[PDB]
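J.: Below you will find the structure I want to go over with you.
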Protein chains: 2
Amino acid sequence: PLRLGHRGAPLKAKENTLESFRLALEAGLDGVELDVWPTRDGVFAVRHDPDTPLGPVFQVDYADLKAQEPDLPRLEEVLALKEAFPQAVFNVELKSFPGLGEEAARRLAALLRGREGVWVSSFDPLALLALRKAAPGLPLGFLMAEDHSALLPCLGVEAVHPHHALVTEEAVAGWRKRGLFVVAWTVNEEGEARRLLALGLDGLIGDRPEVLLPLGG
Amino acid sequence: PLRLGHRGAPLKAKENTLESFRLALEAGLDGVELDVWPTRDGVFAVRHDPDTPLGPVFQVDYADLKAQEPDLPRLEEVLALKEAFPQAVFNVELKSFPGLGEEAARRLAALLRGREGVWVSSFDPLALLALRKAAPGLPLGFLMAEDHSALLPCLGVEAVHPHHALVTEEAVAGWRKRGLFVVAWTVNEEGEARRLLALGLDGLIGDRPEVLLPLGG
């Protein structure tokens, strides 16, 4: 299964920073998950929190956020790591300012046109619908904090990204019936990691590379 | 078709206030639409904006919001108007702090248990799924700002509430095929109101009672 670094390797370097992503890949992980929010000027800032010292991300220009936060990456810079790690995959989680999700989705779709080794996930069903319409060939995943599997038949997604607590033998059987790729999060314990892999999951997103590395055989 | 006052009669009294709702009903409208956000202490405050002088609604207790905003109603007070207008219906729009929608939905479901003359609408598919699971007998509507009809087959809703700009003969034909109740918003012009009714819509939510009153024959 895919061993993915949550925001890179968050315990080795600050989460969602270029250094973190690089360290996660140097550790031997198959890829990384990264959080993005659109800035006022349409740049996808790589960070988890939508609130900044200058206000919400969508109300601030990237250059201003960068002056305030010098280590704040923009999406293209993280994806550029594929040059050093050609086999690495990137899971971009598009974070919606619900109601602003569709517009952000259309902007992200255009940016990722024809890009390989990347798939986008989101907790926002509306953003996923917009993404699929704007970029039919872009792989997508539906993030779920609670079991909202009922929406899967209406979403154009190749994967489901359930919180690990939602992963049970019966839930997995349901996702398999639909031929979905299952990636759990956020797995930082060996015990839980082995419970999930025993169920046949296709990927795990976690904060500790050491826990994920030995998984898969 | 149902003639519904958007936030009451917003041009006769301040929107989303008891006076506004009362005036809308006294004008002869069939019902009213009201916006609600959950407070820190689980009260459903009736107001459209989530930001207040004291911070976002979910981070402030109702009593504090009320001291700051004396005319701010709580859901039960608006629904209480059914005592004076026994035939009036109430469309409660549950506004989600996306990610907090499911919890708010479960709280609202419990509050509206067995209540008649009320249906809940929301732009949040996740909130609607939670509402339907928590209160199987509560009528629901899916609000759409963009055409997200693809989700209807996976939602447990009796109505679809499309922005009037999404209402076309073909879109309506699709909603009818699914036996859905169609309520458009926000209609404040006679021309648009008549275009929509000519398509056979079941309800209209608008800011002007005078425009809605003559509709239906």
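So you can find residues: chains in the structure tokens are A, B, ... in the order shown, residues in each start at 1, and ligands are numbered from 1 in order.
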Check the DSSP output for the backbone and give back, as a ChimeraX atom specification, the residues of range 84-211 of chain A in strand (DSSP E).
T.: /A:89-94,118-122,140-144,159-162,181-185,203-206
J.: Could you take the residues named above and write them with N, CA and C atoms, as a compact mmCIF listing (two decimals), in the first residue's frame?
T.:
# COMPACT_ATOMS: atom_id res chain seq x y z
N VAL A 89 4.38 10.32 -5.55
CA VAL A 89 3.03 10.77 -5.86
C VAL A 89 2.65 11.86 -4.86
N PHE A 90 1.76 12.74 -5.28
CA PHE A 90 1.33 13.85 -4.45
C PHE A 90 -0.18 13.92 -4.32
N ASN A 91 -0.65 13.87 -3.08
CA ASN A 91 -2.07 13.95 -2.78
C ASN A 91 -2.32 15.37 -2.30
N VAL A 92 -2.96 16.17 -3.14
CA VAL A 92 -3.27 17.54 -2.78
C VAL A 92 -4.67 17.60 -2.18
N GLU A 93 -4.78 18.05 -0.93
CA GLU A 93 -6.10 18.20 -0.34
C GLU A 93 -6.52 19.64 -0.55
N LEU A 94 -7.57 19.83 -1.33
CA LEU A 94 -8.09 21.16 -1.58
C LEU A 94 -9.03 21.51 -0.44
N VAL A 118 -0.32 13.00 -9.48
CA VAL A 118 -1.06 13.82 -8.53
C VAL A 118 -2.55 13.52 -8.53
N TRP A 119 -3.15 13.51 -7.34
CA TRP A 119 -4.58 13.32 -7.23
C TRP A 119 -5.05 14.27 -6.14
N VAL A 120 -6.27 14.76 -6.30
CA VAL A 120 -6.83 15.73 -5.36
C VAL A 120 -7.93 15.14 -4.51
N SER A 121 -7.87 15.42 -3.21
CA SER A 121 -8.91 14.95 -2.31
C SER A 121 -9.55 16.16 -1.65
N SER A 122 -10.77 15.99 -1.16
CA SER A 122 -11.47 17.08 -0.50
C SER A 122 -12.61 16.54 0.33
N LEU A 140 -9.43 11.73 -8.28
CA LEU A 140 -9.99 12.38 -7.10
C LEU A 140 -10.32 11.43 -5.96
N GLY A 141 -10.26 11.97 -4.74
CA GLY A 141 -10.58 11.19 -3.55
C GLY A 141 -11.53 11.98 -2.66
N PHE A 142 -12.47 11.28 -2.03
CA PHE A 142 -13.44 11.92 -1.14
C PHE A 142 -13.03 11.69 0.31
N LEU A 143 -12.65 12.77 0.98
CA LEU A 143 -12.25 12.71 2.38
C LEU A 143 -13.50 12.66 3.25
N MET A 144 -13.48 11.81 4.27
CA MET A 144 -14.63 11.69 5.17
C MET A 144 -14.19 11.64 6.62
N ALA A 159 -11.08 7.29 -5.42
CA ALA A 159 -10.69 6.90 -4.08
C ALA A 159 -11.56 7.51 -3.01
N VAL A 160 -11.56 6.86 -1.85
CA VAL A 160 -12.27 7.35 -0.69
C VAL A 160 -11.18 7.45 0.37
N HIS A 161 -11.15 8.57 1.09
CA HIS A 161 -10.15 8.81 2.13
C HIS A 161 -10.82 8.91 3.49
N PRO A 162 -11.14 7.76 4.10
CA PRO A 162 -11.79 7.77 5.41
C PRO A 162 -10.86 7.97 6.59
N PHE A 181 -10.47 3.06 -4.23
CA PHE A 181 -9.13 3.01 -3.68
C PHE A 181 -9.26 3.63 -2.31
N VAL A 182 -8.89 2.89 -1.27
CA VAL A 182 -9.03 3.36 0.10
C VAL A 182 -7.73 3.83 0.78
N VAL A 183 -7.72 5.10 1.20
CA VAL A 183 -6.55 5.68 1.87
C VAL A 183 -6.99 6.26 3.19
N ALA A 184 -6.50 5.68 4.28
CA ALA A 184 -6.87 6.11 5.63
C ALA A 184 -5.94 7.16 6.20
N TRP A 185 -6.47 7.89 7.18
CA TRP A 185 -5.73 8.95 7.86
C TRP A 185 -6.35 9.24 9.23
N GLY A 203 -3.70 2.61 0.93
CA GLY A 203 -2.77 3.66 1.31
C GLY A 203 -3.01 4.17 2.71
N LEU A 204 -1.97 4.73 3.30
CA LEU A 204 -2.04 5.29 4.64
C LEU A 204 -1.31 6.62 4.66
N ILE A 205 -1.95 7.62 5.25
CA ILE A 205 -1.38 8.96 5.40
C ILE A 205 -1.03 9.09 6.89
N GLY A 206 0.23 9.38 7.19
CA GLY A 206 0.62 9.48 8.59
C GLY A 206 1.73 10.47 8.88
J.: Which residues of chain B come within 8 Å of chain A, and what is each one's closest atom pair and distance in Å (one decimal), counting only C-alpha atoms, sorted by chain and residue number, as a tab-separated table?
T.:
residue	atom	partner	partner_atom	distance
B:98	CA	A:98	CA	6.6
B:125	CA	A:125	CA	7.3
B:126	CA	A:148	CA	7.1
B:129	CA	A:148	CA	7.5
B:148	CA	A:126	CA	7.1
B:150	CA	A:154	CA	6.0
B:151	CA	A:154	CA	5.3
B:153	CA	A:154	CA	7.0
B:154	CA	A:151	CA	5.3
B:155	CA	A:151	CA	7.4
J.: Using only C-alpha atoms, which protein or nucleic acid residues come within 12 Å of residue 82 in chain A? Drop anything in the same chain fewer than 6 positions from it, and give the result as a PyMOL selection string.
T.: chain A and resi 21-22+25-26+30-32+76+88-90+115-118
J.: Could you write out that same residue set with N, CA and C atoms as a PDB file, in the first residue's frame?
T.:
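The file below, selection-v5.pdb, is the result:
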ATOM      1  N   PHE A  21       8.408  18.111   3.204  1.00  0.00           N
ATOM      2  CA  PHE A  21       8.091  17.220   2.098  1.00  0.00           C
ATOM      3  C   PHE A  21       9.343  16.508   1.588  1.00  0.00           C
ATOM      4  N   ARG A  22      10.447  17.240   1.477  1.00  0.00           N
ATOM      5  CA  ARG A  22      11.691  16.643   1.001  1.00  0.00           C
ATOM      6  C   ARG A  22      12.181  15.538   1.945  1.00  0.00           C
ATOM      7  N   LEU A  25      10.184  12.353   1.588  1.00  0.00           N
ATOM      8  CA  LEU A  25      10.541  11.597   0.395  1.00  0.00           C
ATOM      9  C   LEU A  25      11.924  10.967   0.518  1.00  0.00           C
ATOM     10  N   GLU A  26      12.843  11.668   1.171  1.00  0.00           N
ATOM     11  CA  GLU A  26      14.185  11.132   1.362  1.00  0.00           C
ATOM     12  C   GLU A  26      14.134   9.927   2.294  1.00  0.00           C
ATOM     13  N   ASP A  30       6.320   6.772  -0.273  1.00  0.00           N
ATOM     14  CA  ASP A  30       5.853   6.736  -1.652  1.00  0.00           C
ATOM     15  C   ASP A  30       5.350   8.077  -2.154  1.00  0.00           C
ATOM     16  N   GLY A  31       5.039   8.965  -1.222  1.00  0.00           N
ATOM     17  CA  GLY A  31       4.534  10.271  -1.594  1.00  0.00           C
ATOM     18  C   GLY A  31       4.182  11.091  -0.374  1.00  0.00           C
ATOM     19  N   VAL A  32       3.503  12.206  -0.604  1.00  0.00           N
ATOM     20  CA  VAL A  32       3.116  13.092   0.478  1.00  0.00           C
ATOM     21  C   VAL A  32       1.728  13.658   0.250  1.00  0.00           C
ATOM     22  N   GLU A  76       2.888  24.699  -6.721  1.00  0.00           N
ATOM     23  CA  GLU A  76       3.859  24.342  -7.758  1.00  0.00           C
ATOM     24  C   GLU A  76       5.236  23.953  -7.220  1.00  0.00           C
ATOM     25  N   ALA A  88       7.604   9.574  -7.013  1.00  0.00           N
ATOM     26  CA  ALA A  88       6.760  10.058  -5.923  1.00  0.00           C
ATOM     27  C   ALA A  88       5.394  10.547  -6.386  1.00  0.00           C
ATOM     28  N   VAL A  89       4.383  10.317  -5.555  1.00  0.00           N
ATOM     29  CA  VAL A  89       3.033  10.771  -5.859  1.00  0.00           C
ATOM     30  C   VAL A  89       2.652  11.858  -4.857  1.00  0.00           C
ATOM     31  N   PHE A  90       1.758  12.743  -5.282  1.00  0.00           N
ATOM     32  CA  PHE A  90       1.326  13.852  -4.451  1.00  0.00           C
ATOM     33  C   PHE A  90      -0.182  13.924  -4.321  1.00  0.00           C
ATOM     34  N   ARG A 115      -1.171  17.055 -15.470  1.00  0.00           N
ATOM     35  CA  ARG A 115      -0.076  16.703 -14.567  1.00  0.00           C
ATOM     36  C   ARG A 115      -0.210  15.251 -14.119  1.00  0.00           C
ATOM     37  N   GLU A 116       0.918  14.558 -14.017  1.00  0.00           N
ATOM     38  CA  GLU A 116       0.908  13.164 -13.589  1.00  0.00           C
ATOM     39  C   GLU A 116       1.421  13.020 -12.163  1.00  0.00           C
ATOM     40  N   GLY A 117       1.103  11.885 -11.550  1.00  0.00           N
ATOM     41  CA  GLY A 117       1.544  11.615 -10.193  1.00  0.00           C
ATOM     42  C   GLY A 117       0.840  12.440  -9.134  1.00  0.00           C
ATOM     43  N   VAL A 118      -0.315  12.999  -9.475  1.00  0.00           N
ATOM     44  CA  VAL A 118      -1.061  13.823  -8.531  1.00  0.00           C
ATOM     45  C   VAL A 118      -2.554  13.523  -8.529  1.00  0.00           C
TER      46      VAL A 118
END
J.: What is the CA of residue 66 in chain B-CA of residue 9 in chain B distance in Å, reported with one decimal?
T.: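 These atoms are spaced 21.3 Å apart.
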J.: Considering only C-alpha atoms, return as a list in words whatever protein or nucleic-acid residues lie within 12 Å of residue 42 in chain B, sequence-local ones (same chain, fewer than 6 positions apart) excluded.
T.: residues 36, 57, 58, 59, 60, 61, 62, 63, 74, 75, 100, 103, 104, 105, 106, 107, 108, 110 and 111 of chain B
J.: Create the file for the chosen residues now, containing N, CA and C atoms and written as an mmCIF file, in the first residue's frame.
T.:
data_model
loop_
_atom_site.group_PDB
_atom_site.id
_atom_site.type_symbol
_atom_site.label_atom_id
_atom_site.label_comp_id
_atom_site.auth_asym_id
_atom_site.auth_seq_id
_atom_site.Cartn_x
_atom_site.Cartn_y
_atom_site.Cartn_z
ATOM 1 N N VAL B 36 -30.470 30.087 10.115
ATOM 2 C CA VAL B 36 -30.008 29.815 11.478
ATOM 3 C C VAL B 36 -28.561 29.314 11.544
ATOM 4 N N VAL B 57 -20.546 33.144 15.279
ATOM 5 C CA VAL B 57 -21.670 32.673 16.073
ATOM 6 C C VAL B 57 -21.413 31.414 16.900
ATOM 7 N N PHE B 58 -20.752 30.410 16.324
ATOM 8 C CA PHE B 58 -20.514 29.171 17.067
ATOM 9 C C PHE B 58 -19.580 29.314 18.263
ATOM 10 N N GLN B 59 -18.889 30.443 18.356
ATOM 11 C CA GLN B 59 -17.969 30.677 19.468
ATOM 12 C C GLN B 59 -18.553 31.595 20.533
ATOM 13 N N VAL B 60 -19.810 31.985 20.361
ATOM 14 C CA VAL B 60 -20.459 32.885 21.305
ATOM 15 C C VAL B 60 -21.764 32.305 21.840
ATOM 16 N N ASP B 61 -22.014 32.489 23.135
ATOM 17 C CA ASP B 61 -23.251 32.005 23.741
ATOM 18 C C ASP B 61 -24.406 32.878 23.267
ATOM 19 N N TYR B 62 -25.581 32.281 23.123
ATOM 20 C CA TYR B 62 -26.743 33.028 22.662
ATOM 21 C C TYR B 62 -27.051 34.259 23.514
ATOM 22 N N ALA B 63 -27.013 34.105 24.834
ATOM 23 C CA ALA B 63 -27.310 35.219 25.729
ATOM 24 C C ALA B 63 -26.409 36.428 25.478
ATOM 25 N N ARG B 74 -34.256 33.482 18.432
ATOM 26 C CA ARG B 74 -33.744 32.121 18.473
ATOM 27 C C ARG B 74 -34.837 31.353 17.733
ATOM 28 N N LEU B 75 -34.470 30.249 17.092
ATOM 29 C CA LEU B 75 -35.408 29.463 16.295
ATOM 30 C C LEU B 75 -36.805 29.221 16.864
ATOM 31 N N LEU B 100 -18.635 21.388 10.910
ATOM 32 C CA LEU B 100 -19.443 21.490 12.122
ATOM 33 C C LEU B 100 -20.907 21.265 11.747
ATOM 34 N N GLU B 103 -22.751 17.951 13.357
ATOM 35 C CA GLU B 103 -23.099 18.129 14.764
ATOM 36 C C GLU B 103 -24.290 19.080 14.894
ATOM 37 N N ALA B 104 -24.253 20.184 14.154
ATOM 38 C CA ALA B 104 -25.349 21.144 14.199
ATOM 39 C C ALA B 104 -26.627 20.480 13.704
ATOM 40 N N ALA B 105 -26.501 19.666 12.660
ATOM 41 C CA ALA B 105 -27.643 18.971 12.087
ATOM 42 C C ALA B 105 -28.289 18.031 13.094
ATOM 43 N N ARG B 106 -27.465 17.308 13.843
ATOM 44 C CA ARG B 106 -28.001 16.389 14.834
ATOM 45 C C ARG B 106 -28.726 17.167 15.926
ATOM 46 N N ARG B 107 -28.180 18.321 16.303
ATOM 47 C CA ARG B 107 -28.805 19.152 17.326
ATOM 48 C C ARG B 107 -30.137 19.721 16.828
ATOM 49 N N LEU B 108 -30.172 20.144 15.567
ATOM 50 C CA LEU B 108 -31.392 20.704 15.000
ATOM 51 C C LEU B 108 -32.466 19.627 14.856
ATOM 52 N N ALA B 110 -32.960 17.021 16.687
ATOM 53 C CA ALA B 110 -33.559 16.755 17.990
ATOM 54 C C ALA B 110 -34.543 17.852 18.380
ATOM 55 N N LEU B 111 -34.211 19.095 18.050
ATOM 56 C CA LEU B 111 -35.078 20.217 18.378
ATOM 57 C C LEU B 111 -36.384 20.203 17.587
#
J.: Can you work out the spacing between CA of residue 45 in chain B and CA of residue 212 in chain B in Å, to one decimal?
T.: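 CA of residue 212 in chain B lies at a distance of 26.6 Å from CA of residue 45 in chain B.
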J.: Might you pull out every residue within 8 Å of residue 1 in chain A, with only C-alpha atoms counted and same-chain residues fewer than 6 positions away left off, and present them as a list in words?
T.: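 My reading of the contact set: residues 197, 201, 202, 203, 204, 215 and 216 of chain A.
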J.: Go ahead and compute the interatomic distance for CA of residue 34 in chain A and CA of residue 128 in chain B, in Å to one decimal.
T.: 28.4 Å
J.: So which bits of range 122-174 of chain B end up alpha helix (DSSP H) when you DSSP the backbone, as a PyMOL selection string?
T.: chain B and resi 125-134+169-174
J.: Those same residues, written as an mmCIF file, in the first residue's frame with N, CA and C atoms?
T.:
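Written output follows (part-v1.cif):
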data_model
loop_
_atom_site.group_PDB
_atom_site.id
_atom_site.type_symbol
_atom_site.label_atom_id
_atom_site.label_comp_id
_atom_site.auth_asym_id
_atom_site.auth_seq_id
_atom_site.Cartn_x
_atom_site.Cartn_y
_atom_site.Cartn_z
ATOM 1 N N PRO B 125 -24.351 19.201 1.768
ATOM 2 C CA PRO B 125 -24.798 17.812 1.611
ATOM 3 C C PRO B 125 -24.558 16.963 2.852
ATOM 4 N N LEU B 126 -23.461 17.230 3.555
ATOM 5 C CA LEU B 126 -23.125 16.450 4.748
ATOM 6 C C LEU B 126 -24.120 16.699 5.868
ATOM 7 N N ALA B 127 -24.556 17.946 6.006
ATOM 8 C CA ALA B 127 -25.529 18.288 7.025
ATOM 9 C C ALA B 127 -26.852 17.592 6.712
ATOM 10 N N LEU B 128 -27.222 17.552 5.434
ATOM 11 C CA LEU B 128 -28.472 16.910 5.043
ATOM 12 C C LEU B 128 -28.446 15.412 5.324
ATOM 13 N N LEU B 129 -27.304 14.772 5.102
ATOM 14 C CA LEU B 129 -27.201 13.342 5.381
ATOM 15 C C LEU B 129 -27.382 13.096 6.877
ATOM 16 N N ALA B 130 -26.766 13.939 7.700
ATOM 17 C CA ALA B 130 -26.866 13.790 9.147
ATOM 18 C C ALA B 130 -28.289 14.058 9.625
ATOM 19 N N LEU B 131 -28.935 15.064 9.040
ATOM 20 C CA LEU B 131 -30.304 15.401 9.417
ATOM 21 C C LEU B 131 -31.257 14.245 9.128
ATOM 22 N N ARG B 132 -31.121 13.652 7.949
ATOM 23 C CA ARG B 132 -32.000 12.553 7.558
ATOM 24 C C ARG B 132 -31.826 11.325 8.439
ATOM 25 N N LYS B 133 -30.599 11.070 8.878
ATOM 26 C CA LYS B 133 -30.330 9.917 9.729
ATOM 27 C C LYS B 133 -30.886 10.143 11.130
ATOM 28 N N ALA B 134 -30.760 11.372 11.623
ATOM 29 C CA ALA B 134 -31.217 11.732 12.962
ATOM 30 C C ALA B 134 -32.721 11.949 13.082
ATOM 31 N N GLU B 169 -36.232 24.903 -18.269
ATOM 32 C CA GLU B 169 -37.180 23.845 -18.567
ATOM 33 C C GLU B 169 -36.543 22.457 -18.426
ATOM 34 N N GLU B 170 -35.313 22.303 -18.909
ATOM 35 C CA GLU B 170 -34.628 21.013 -18.838
ATOM 36 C C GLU B 170 -34.240 20.623 -17.415
ATOM 37 N N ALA B 171 -33.817 21.600 -16.618
ATOM 38 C CA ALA B 171 -33.429 21.324 -15.239
ATOM 39 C C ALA B 171 -34.658 20.885 -14.452
ATOM 40 N N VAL B 172 -35.774 21.574 -14.674
ATOM 41 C CA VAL B 172 -37.020 21.247 -13.993
ATOM 42 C C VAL B 172 -37.500 19.855 -14.394
ATOM 43 N N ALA B 173 -37.360 19.523 -15.673
ATOM 44 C CA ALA B 173 -37.772 18.209 -16.157
ATOM 45 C C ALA B 173 -36.987 17.140 -15.400
ATOM 46 N N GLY B 174 -35.715 17.426 -15.135
ATOM 47 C CA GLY B 174 -34.882 16.485 -14.412
ATOM 48 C C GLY B 174 -35.329 16.321 -12.971
#
J.: Would you kindly return, as a ChimeraX atom specification, each protein, DNA or RNA residue with an atom no farther than 10 Å from any atom of residue 53 in chain B, considering only C-alpha atoms and excluding same-chain residues fewer than 6 positions away?
T.: /B:65,68-69
